[PDB]
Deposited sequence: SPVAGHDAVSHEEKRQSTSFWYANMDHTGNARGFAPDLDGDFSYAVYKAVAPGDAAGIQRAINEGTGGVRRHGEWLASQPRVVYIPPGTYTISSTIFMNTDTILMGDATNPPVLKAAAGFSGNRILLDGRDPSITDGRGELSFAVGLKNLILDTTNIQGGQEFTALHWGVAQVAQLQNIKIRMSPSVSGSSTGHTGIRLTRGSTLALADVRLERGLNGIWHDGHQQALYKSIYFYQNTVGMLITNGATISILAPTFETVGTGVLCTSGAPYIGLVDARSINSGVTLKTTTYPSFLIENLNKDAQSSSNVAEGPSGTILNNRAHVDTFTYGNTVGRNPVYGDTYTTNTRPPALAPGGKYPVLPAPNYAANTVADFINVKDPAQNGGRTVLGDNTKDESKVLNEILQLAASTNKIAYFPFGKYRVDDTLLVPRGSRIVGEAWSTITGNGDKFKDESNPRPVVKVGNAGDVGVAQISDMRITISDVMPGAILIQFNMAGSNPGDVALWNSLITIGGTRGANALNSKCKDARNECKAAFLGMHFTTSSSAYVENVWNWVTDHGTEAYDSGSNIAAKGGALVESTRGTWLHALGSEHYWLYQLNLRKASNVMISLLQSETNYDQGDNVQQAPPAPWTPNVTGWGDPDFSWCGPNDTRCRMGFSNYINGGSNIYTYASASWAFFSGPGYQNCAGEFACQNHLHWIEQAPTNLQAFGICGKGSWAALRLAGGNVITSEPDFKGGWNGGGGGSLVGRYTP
């Protein structure tokens, strides 16, 4: 066929992806190839399993399927339905066209990312749906009819990579929609080009999403926002677009940062009362329309350049809801050239198999035997292959598997790592059980390293209760932002097969297991780029087994870097003390942080935090909760944002939700009574620019360093459920 690197990798033989924990099935095919032009074969490859048994729906990581679609045109006559943990991989050298037929029958959706096996449309459970190197075409459908090329009501670990959507020109209240997001909890939509139609993206009640580097080309409306909580749009381009962003319902947060307007109309228009920010908008001469318009008329007139304009709930303003214009000079290390760094996930479209090292092939990795079946320690053998590929400038390809490591797996300078449907590194052993000497499972460079370390399509996890485990630690800094990067990956604790020892020790809410020390760590001399990454302590089982979810992992993400750190849609959920900790960091940019308090915590918790952990304030910057009464359990809940000093902190959207008050999915007292403090500033940083700090079920919308509290009600409401339990700090620029 072609020379596309993935299709030419060994998918038979010993170097193929191998799936353990499949109930004795050692013949399951991770890889399937569709015949050229075989449109019916796309759905077949998605669902087909071993010996005629259909694949499991709703599973997260153990039964992955990558469907290779060769170049060509595939005429689609009815909706194609994805499965969880499934990737459609078109040929990157010549992406295939999935074209809707003229006689398209059924629901007017070309591709549905939501697994049909989920009941009651729970998109927040449709994890790990991937689309790569595809062209969606609906030009055979009349532009006046309602149609949706892609329904993206999905959850985390879902990804878009090198996707193009051609639609018919709009006519009419109905028309083509490129990507419609209904119920779901996804993280990032990256590098999608939407051509024509009525709506390029329709955000219909999706909780939150970061839209990174989206190209809106000749859309009647760039993004339609009907309902939803937190919307972050980073580095978009509006070319011949009638209206950039149109929000006709709800009170969400809308973040438009580093936007470009090419011969377009109004950039942000709303008929309701959302809180939005426009930072670094650059308009051309043909874009002569107002920048912002609302129910009362013009909000911001025609300006070719906008610095920092908010219109929403702002701290210190009389009245709270209103306009504010400021100018801020971004640090050149954070924003080279005034623009924050945005990079597409690598697809290696021009690379062939020779540019890679298949870690399992003895002819490629230096004559080493690698299993990836979670039956033995493979740390040393994998540290040697990773150092070999970096020293020879080869990309290290991990076929799918579960690679058990009993010591740190170092990612050395010059590494480019890519996996097959989130190949899994799992830590194990006594070397990660010393909480007095915490140890990284995956270490990205040594202390003081400068170089390239790019990782994509991987998973890191643990197999036992390991109170000293740091799942990934970033030590290396890049020469340019993105040299050290992590794309489209997940870091999980529990919830998946392959961790029996961990699964047996975490079934008691009275003694929550000390599974890990940290999920992610960014050391002081590091400089890392993170996009579409799920940092998740399990709340429920995903792969049909008694999963146990009473886990006390101390901290989710600890950022100590003073060089520069960019977090594009990082989901950090269900850790004990905090989801995001900024400990004396000095150059941090956050385009979206998605977080959720641990479900076992709240008024009816059985073990009050910080227990079972003893906080180390001096050594690791833990919150000690010494301000709460020893039995004030609404006060002793994990923080979503714990900002502790430092400088040059830019956060542009925080989707932090509280749902329950204790084990068993117990309800909270009220809409704003699940938690007291989700967002907490311990020490005021120098040059802090915070926008879109959203919450759910929190009494306070933000806590300031001196102890002052910004209450969610009555004037800092918004976002989740339009304010029915939702917090919104649209502007905090102290």
Unmodelled ranges, which are counted on the deposited sequence from position 1 and given in order
1-16, 188-189
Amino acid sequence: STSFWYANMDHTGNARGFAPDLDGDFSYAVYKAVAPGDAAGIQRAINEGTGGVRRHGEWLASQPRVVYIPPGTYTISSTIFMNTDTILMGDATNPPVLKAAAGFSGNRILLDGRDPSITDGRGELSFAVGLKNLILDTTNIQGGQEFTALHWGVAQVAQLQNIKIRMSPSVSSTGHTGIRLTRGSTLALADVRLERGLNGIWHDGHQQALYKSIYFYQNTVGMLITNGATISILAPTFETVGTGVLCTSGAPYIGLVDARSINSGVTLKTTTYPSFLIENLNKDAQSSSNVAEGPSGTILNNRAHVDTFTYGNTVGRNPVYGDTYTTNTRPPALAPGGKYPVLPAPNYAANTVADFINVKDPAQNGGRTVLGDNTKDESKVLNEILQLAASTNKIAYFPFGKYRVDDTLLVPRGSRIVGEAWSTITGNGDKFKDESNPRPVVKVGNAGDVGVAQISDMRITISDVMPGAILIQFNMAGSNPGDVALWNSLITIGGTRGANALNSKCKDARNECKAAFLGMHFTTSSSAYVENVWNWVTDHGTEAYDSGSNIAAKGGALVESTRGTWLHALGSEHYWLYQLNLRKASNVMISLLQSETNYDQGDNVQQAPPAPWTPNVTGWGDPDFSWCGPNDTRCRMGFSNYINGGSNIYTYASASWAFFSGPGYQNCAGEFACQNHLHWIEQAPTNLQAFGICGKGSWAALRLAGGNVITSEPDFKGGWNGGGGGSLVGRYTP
From here on, numbers count along this sequence of modelled residues.
Using only C-alpha atoms and the B-factors in the entry, which stretch averages higher, 563-571 or 545-553?
545-553
Higher avg CA temperature factor (660-668 vs 305-313, as deposited) belongs to 660-668
Specify which of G429, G197, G205, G645 carries the largest Cα B factor in the deposited PDB entry.
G429
Whose CA atom has the top B-factor in the entry, of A39, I46, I693, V30?
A39
Quick tally, chain-level thirds of C-alpha B-factors: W59 sits in the middle
Which third, lowest, middle or highest, does the CA B-factor of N687 fall in along this chain?
lowest
Relative to the other modelled residues in the chain, which third contains the C-alpha temperature factor of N503: lowest, middle or highest?
highest
Among modelled residues of the same chain, the CA temperature factor third for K433
highest
Modelled-residue ranking by C-alpha temperature factor, third containing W613:
highest
